[PDB]
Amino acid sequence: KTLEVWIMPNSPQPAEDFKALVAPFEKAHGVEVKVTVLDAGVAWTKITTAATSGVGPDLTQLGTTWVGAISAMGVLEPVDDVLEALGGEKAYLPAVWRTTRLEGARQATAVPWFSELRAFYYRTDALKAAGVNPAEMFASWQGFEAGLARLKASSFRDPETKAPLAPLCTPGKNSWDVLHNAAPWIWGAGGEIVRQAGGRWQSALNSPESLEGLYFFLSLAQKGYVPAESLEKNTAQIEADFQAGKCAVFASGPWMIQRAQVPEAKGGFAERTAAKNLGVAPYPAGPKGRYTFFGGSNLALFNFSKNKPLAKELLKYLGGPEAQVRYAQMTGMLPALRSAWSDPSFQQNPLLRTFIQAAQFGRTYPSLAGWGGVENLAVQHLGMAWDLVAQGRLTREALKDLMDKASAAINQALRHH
């Protein structure tokens, strides 16, 4: 009776890394664990098909935003026992603990595996030449826009491109990335994507505070601080532009830290000026607070598994300190288990300590059963606002009107089962 785990492509050799990760467990339990890697755009199909049919793995990886929807289908084994075994609620950042259950449930259905959090990379050489103190550019909204204005004015040129750097690269192409790149600006203004109000869940995208945050961010791209060509690039293309010395500032996760230490000859960018002049800073505080976007993945046990006892031991293993530290070398992500962040692999690296500083401000979306329909509508409407940005036509009224249509659509979505 062999355990079957479904994972996503979390690391460069994902199945191999998973197998090396669980080798100690396999030896101590005298078993092999079988792993299947789901590519990005079959994963949700496969996991919902397993849920409806009862034909599936023992364990599956779930994105943190999927936990509510799969939990609500009645197919996940409770794992409150596993979480207690790992230290309970105090073992996690609150934003991470929120991803263990359907929103408002008392019962956990997912075990935190790894976190994806986002912070600003910057060129230390470019900010020095522009006269910009990184501490004050990334401390506040006013600092951030003043930094980008100095970066625009700067005579500095990249030593290898012999060209100027764009102040800020951010994508404007409807993807899940656009809502998470917007979320800290929404949150820092005092806004939300959805909230509880008046006895219901509702959109808050058209609240004055959400609109202040969204407008602050999107307007930077209309002020000359984001190149036109950045708005149609995906997240991989923006990362490649930063490596190639085209971008002074961009937002990413911790994986870029490792890639900057790997030579070009093995797929990294150690040789590039950007690697040798690399800074990280958390998102700036808005007028109502400082937030860092959390996502990542959790693990869940299908309650139709015939191997539930062994599968819960594997959940405890994967969720626990040693496996949390090890997998992080492989994924480029932060452990979901907060005690793992003390490991010297993080604490002896000044850029990873900065991500752990950023982590203290972590926030995530509400764990709603209907989150994916909310996020689809939010992303489509935000991409309509980015499309106005591409024309130089985003005004506060135009953004309000888009978010009023977003919020009508969201509100109707949340009214349905």
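Residue indices: 1-based, along the sequence shown.
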Name the higher of the two by mean Cα B-factor in the PDB entry, 177-185 versus 270-278.
270-278
Should the higher mean CA B-factor in the entry be assigned to 87-95 or to 152-160?
152-160
Which of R123, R290, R338, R106 ranks first by CA B-factor in the deposited coordinates
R106
Candidate set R101, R195, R259, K316 [ranked by C-alpha B-factor, highest]:
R259
For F346, the third of its chain into which the C-alpha B factor falls
middle
Among all modelled residues of this chain, ranked by Cα B factor, put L301 in the bottom, middle or top third, i.e. lowest, middle or highest.
lowest
Based on the entry's values, in what third of the chain does the Cα temperature factor of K34 lie: lowest, middle or highest?
middle
Name the third of the chain's ranked CA B-factors that contains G172, choosing lowest, middle or highest.
highest
For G41, does the deposited CA B-factor place it in the lowest, middle or highest third of the chain?
highest
